[PDB]
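Those sequence lines, one after another, are chains B and E.
In case it helps, the authors' numbering puts the first sequence at residues 8 to 288, 315 to 364, 372 to 382, 400 to 662, 677 to 1047, 1080 to 1198, 1204 to 1228.
The opening residue of the second sequence carries number 1 in the authors' numbering; numbering runs sequentially from there.
Contents: one structure, followed by commentary.
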Amino acid sequence: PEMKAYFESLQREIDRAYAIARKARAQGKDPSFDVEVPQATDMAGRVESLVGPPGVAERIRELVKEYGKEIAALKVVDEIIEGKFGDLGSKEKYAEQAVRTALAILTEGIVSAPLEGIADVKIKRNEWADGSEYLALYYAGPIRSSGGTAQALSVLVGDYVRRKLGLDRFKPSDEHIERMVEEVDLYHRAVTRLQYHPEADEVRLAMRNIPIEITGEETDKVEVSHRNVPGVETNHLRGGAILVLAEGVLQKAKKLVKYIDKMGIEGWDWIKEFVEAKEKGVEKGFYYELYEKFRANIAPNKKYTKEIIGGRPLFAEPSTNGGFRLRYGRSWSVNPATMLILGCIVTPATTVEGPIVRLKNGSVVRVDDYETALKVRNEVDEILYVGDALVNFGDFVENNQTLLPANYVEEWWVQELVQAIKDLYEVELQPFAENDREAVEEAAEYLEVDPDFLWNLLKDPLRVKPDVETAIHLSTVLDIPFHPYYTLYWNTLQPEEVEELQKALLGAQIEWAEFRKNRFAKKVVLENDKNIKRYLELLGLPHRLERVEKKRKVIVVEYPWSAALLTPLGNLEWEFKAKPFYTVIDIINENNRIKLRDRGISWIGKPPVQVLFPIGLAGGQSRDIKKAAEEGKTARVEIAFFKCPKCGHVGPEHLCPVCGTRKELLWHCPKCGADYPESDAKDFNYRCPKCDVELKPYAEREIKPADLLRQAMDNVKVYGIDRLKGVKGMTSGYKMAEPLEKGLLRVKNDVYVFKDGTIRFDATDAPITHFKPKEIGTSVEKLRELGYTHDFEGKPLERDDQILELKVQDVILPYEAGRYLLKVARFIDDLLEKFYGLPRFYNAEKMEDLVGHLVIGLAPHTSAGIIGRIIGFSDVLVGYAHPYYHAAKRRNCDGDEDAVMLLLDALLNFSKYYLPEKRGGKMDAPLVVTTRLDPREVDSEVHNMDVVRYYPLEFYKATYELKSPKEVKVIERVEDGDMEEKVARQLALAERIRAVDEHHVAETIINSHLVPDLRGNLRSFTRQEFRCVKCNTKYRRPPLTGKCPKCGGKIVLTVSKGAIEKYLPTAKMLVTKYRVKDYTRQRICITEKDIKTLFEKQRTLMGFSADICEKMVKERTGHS
Amino acid sequence: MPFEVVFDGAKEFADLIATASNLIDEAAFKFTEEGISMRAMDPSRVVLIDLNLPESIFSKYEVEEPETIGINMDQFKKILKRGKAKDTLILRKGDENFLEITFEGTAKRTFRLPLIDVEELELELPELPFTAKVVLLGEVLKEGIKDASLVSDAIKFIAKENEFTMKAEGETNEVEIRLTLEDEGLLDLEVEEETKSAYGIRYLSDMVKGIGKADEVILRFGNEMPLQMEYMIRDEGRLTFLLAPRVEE
DNA sequence: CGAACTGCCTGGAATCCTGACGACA
DNA sequence: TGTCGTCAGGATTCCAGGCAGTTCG
Ligand SMILES: [Zn+2]
Ligand SMILES: [Zn+2]
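Okay, structure coming up:
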């Protein structure tokens, strides 16, 4: 509805900013006259801006919106190959353009892999065996993290265009497969760790199955055993192609078979072969059957085993199992109380309960809120439970992840209760919200409860928790299971030990209290010496400790915590017995007229350059322009110079500051001594008769920035500068200039910058299911004037604590990001007031004034910038986002954080010339902005809106039946330095020890870090590559010549011995704390290596240096 | 545990504890009815510092019971940076872990600090035959070690009957200083036989730069036995450093 | 009529945050 | 692409000995 009008206002503001930028650029003080960042209309516009062609948008839209995206892209590539819109060159160019357009369409136009990562694609013939074909795929830099899905899709489109062109099948030669497997094992063992360990037979089958051969590019300087292989221009390592094929076929099998079923091409049954190969892995209680099902479920055990790849291994807590809570939600989050009391990806959830531990006083208490957490975050003794974190079902998990066992929750409990009373007493009601007057009145009359209490319970059962007395009272009418929140964990005890527990309970003191025909209790006083306190403490129940009572250790448990343990036992009326193949809950349900359920069953588990000023060796190392101007030295640079038609001055700047016009660009042949303008260059076909070289705009010559700095000085009119340096190397092909005035303004503003060419700052966000103005810091009248007039349920906005749905264009952004944006806006207004004399559009000078404008977010591997509105803030060092602003392509793109930027900053400092020629960084460039992400407006608006706070009773009841987690039908139905690191490691070990009660073993990652460290140390010591101090480029040979012949000073060497000298005490303390074998040899070896490399020269009469290393050495010597 | 020690001007004690802190960080001052004592070992078990100060050094001295207290050397070095030469240092301690440092003058200063404990093991040094004793001035030794510090680290002391020599060897430098009874840097000699030993001068240079120029020193050593350099504070207290030489040539 | 006894103040030096470098995964 | 060690380097404050002003047989 009004969201369309709000988006229209947003695009109106965007068009106003665009008109302002156009009026600014009308003067032309930069080599650019058009808008570099246009707004995308749709996926068609995105792919057209990525690869084009400029005008196939109509056909793309028609095909997609009329027949589906898959066959639409298929027919579009068919038309592109057939040349419907005309010709564009040769067949190779046609195939390249078709592959790029297809990949951009299937990826929705977010990845720049076919744009720059895959530079060229050619077809080459086999001049050795039979004349078959291979795709020479000239790749580039930004392809090492192209993504497994993108690589599989590229392989698919390559096979498709090969089938279209009709080529012959390449014959896999013995030398080819040998060099392929050699490169594979080399990359797996020495170059870089792989995400999927391949096999020789598998890679051989793949290289034999690929019809046409594939020839990539060079990655690193690593040779092979078989030199001069036919087909490759060298003998280097094709690690790029290796990782491409690996993450394409050996990792993406599921999406591969999905796209196979979508397309319908033959010759891919080897994926079914790989599926088959991976497929080569009276006394009967319900809980025993559940345990048998969990044992048959190999996915949790396989995940627990695969979790050993990272972090300190074999450090699991024996008290609580290695898993978190399962809260099914549509489409992880752990309570920050555990983080405060304290290794994977984190996510905050503060609105839920916390764990329960014991303190130094001996008592046991649970963590509830931030104040108590900060109070007791230092007096902990041992961690008993981990808390109740939430994992959901809507997660896109694959590889046969079995169903995680659910639990009996309070919501499902009260749902069963209200359904039972509805089918029994014939009373209709509406749960999950505030009930109606008559319905709640009849329910209160039937249950002997208060209507307002029932209303509050239906509003929030976790917040409004009923007393145990009334709970058992209402349970005696329906024989419903027990209250989960007041139900201990009993799924890890033996009934033979439970018998001793009941004996100790009978031998203790007890006082009673009853409420409404419920013979419950009032308090239990026990002695800690009456039984083994192991499980008495592992139960995790808040008790009170007492010492001066004629007895050493006394414990007392009062209501509503004693009844929670006594009423399930029937007030010790009936006798308990031990029975195998039947859990404690099963025995309790046997010896009682009330059946209960389970609670704990879910166990899942440099250089800091600022401005762009090419100085090279003319700046040395620091490259200070002030230093260069003071010295008065020249500079030999390969740069592009300009020329003014009126004045005639020459310089590397864009506009001529002497006159009032902008100087043009001159062309020069570096080989010859000829000069020609752009007109003569375009007339002579860009060819010089003197030197037959392509006419290049830039040339290599000398310049004097010492006297050239006065121009920029009088242009900026401000001389406030302390420290400022320029660039050293140029990665672009044209090596164009950069605004020196803007660079000086950035220096005077004292901000940082990357090698991208614009200003972007990192930020971390994480979406959540709700949104609260109380937390985001915005007033009701502010939201009203913003455009919000009703809440998530249609009620007016009057309360600040109004729970709302997560808005799309909202920002939870930290104070550091806010201050950086304020500094960026200050620099922006300063430049726009000093460059052209434009009035300040934003006029932002405070922290709160920025709320309302528009910014742009961008993730790695995303060539499109997502436009968002500045509505919100943050107080903590982290933030939140929206599921639409943060998609899967922005989460698994080799980076979790995202860079933020301002639209004016991009419009004023963006230039494609700031992009390298062949290679590229983590991303190409923020080329196009995107803001429209309509989530089925006229189709599934209810699907987009109704996502929060729903509990499926059907799946809650059908969770203990070993259901298939890949049931798409049921899924759709339910959807509808050293100090900090060392201290952190030591504290982690200490807290793990407190949790496991001082019982641990040695680890393996310490050795996996030490042994490669020792080997690298030895290799560096045997290499000894030195570098001259002032002669920064000339690397001196390991043979010592006294001093650098060009610099009579010391030569900096690579010692690399200070790191191991600091890592040795870590392993020493570890081996002193815990005793282990198979590594004392490594310890004595590294110690003796240090000793005899230095070869402790002074010793007194009284030594006796204590050392567990020497102790174990003498012990082994005596044993020998 | 409670005690109170008042003294008008303690810059000597300040620089003394500063040198002790530069030597080592973990140190414990034992307060007995006779006064204060301290003995600091070395983390590399090569150097030993000892100091004793009786109750005839400061102006006011009132102790309750002999015990052992601990003071962080970093926290003390962050305190002596404000000690005026004309101040009145008052160290007060009660039963709680509160240490009070008071200064009376143009503005009454009082700093309270927490008192942590040090558990360094104390053992009496066994007796060893010195066979070489000498008493010299501090300024001459300080300037000699500061002249021979930049050339090398192993300074060789040789002592014969009524003869002393301090030399500094090397490959491209040689320093030599002769000392007799009629010289300007020797107070008295008690040599027994011909001794010669080379010592490192890092801690030596630091500890002799921490000590003033007019102060005297007493060296006790032998052929290759460890050296002991002692001196007196206000003719009442004693302070001695002890360290072994090297075995190399 | 000369000698210690300070201020002080400026040279010499110790300390340290910043700017280069290389190492692993 | 994230991390961790080393090195120099110049700007800084703190200490010490020389220049100067001053009260004593
Ligand atoms: Zn001009
Ligand atoms: Zn030419």
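Even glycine gets a Cβ: it sits at the ideal position worked out from N, Cα and C.
Supposed contact pair residue j and residue i - C-beta distance, whole angstroms, cut 8 Å
i: residue 439(B); j: residue 415(B); result: 6 Å
i: residue 660(B); j: residue 354(B); result: 4 Å
i: residue 99(B); j: residue 50(B); result: About 27 Å; that fails the 8 Å criterion.
i: residue 151(B); j: residue 250(B); result: 7 Å
Spatial neighbours of residue i in its chain, beta-carbon cut-off 7 Å, leaving aside the 5 residues before and after
i: residue 198(E); result: 154, 155, 156, 245, 246
i: residue 545(B); result: 596, 597, 598, 622
i: residue 499(B); result: 484
i: residue 31(E); result: 3, 63, 66, 67, 69
Residue i - containing beta strand (DSSP E), residue span
i: residue 109(E); result: 109-114
i: residue 569(B); result: 566-569
i: residue 442(B); result: Counting along the chain, residue 442(B) falls outside any beta strand (DSSP E), and DSSP gives it neither H nor E.
i: residue 52(E); result: 47-54
i: residue 198(E); result: 195-200
i: residue 497(B); result: That residue, residue 497(B), is in no beta strand (DSSP E); its alpha helix (DSSP H) goes 494-504.
i: residue 656(B); result: First-last for residue 656(B): undefined, no H or E at that position.
Coil, strand or helix - residue i by DSSP
i: residue 1020(B); result: coil
i: residue 202(B); result: coil
i: residue 410(B); result: coil
i: residue 285(B); result: helix
i: residue 275(B); result: coil
i: residue 141(B); result: strand
i: residue 62(E); result: strand
i: residue 14(E); result: helix
i: residue 18(B); result: helix
i: residue 46(B); result: strand
i: residue 636(B); result: coil
i: residue 532(B); result: helix
i: residue 485(B); result: coil
Endpoints, alpha helix (DSSP H) assigned at residue i
i: residue 510(B); result: 508-516
i: residue 1185(B); result: 1183-1197
i: residue 1224(B); result: 1216-1227
i: residue 560(B); result: 552-563
i: residue 1164(B); result: 1161-1176
Same chain, Cβ closer than 6 Å to residue i, neighbours up to 5 away in sequence not counted
i: residue 588(B); result: 557, 561
i: residue 537(B); result: 474
i: residue 420(B); result: 601, 602
i: residue 613(B); result: 582, 601
i: residue 889(B); result: 918
Cutoff 8 Å; reference residue i; Cβ partners in own chain excluding five residues on either side
i: residue 757(B); result: 765, 766
i: residue 672(B); result: One cannot assign coordinates to residue 672(B), given that chain B in this structure leaps from 662 to 677.
i: residue 258(E); result: Residue 258(E) lies beyond the residue range present for chain E, which begins at 1 and ends at 249; the question has no answer from this structure.
Which residues, taken in chain order from the stretch 213-231 of chain E, show a beta carbon closer than 7 Å to some beta carbon of chain B? 226
Which residues of the stretch 232-244 of chain E have a Cβ closer than 8 Å to any Cβ of chain B? Give them in chain order. 244
Output, in sequence order along the chain, the residues in the stretch 30-45 of chain E whose CB is closer than 8 Å to any CB in chain B. Correct list: 45.
For the stretch 1206-1222 of chain B, list every residue whose C-beta sits within 9 Å of some C-beta in chain E, in sequence order. 1206, 1207, 1208, 1209, 1210, 1211, 1212, 1213
Along the stretch 146-179 of chain E, where does the CB come closer than 7 Å to a CB of chain B? Name the residues. none
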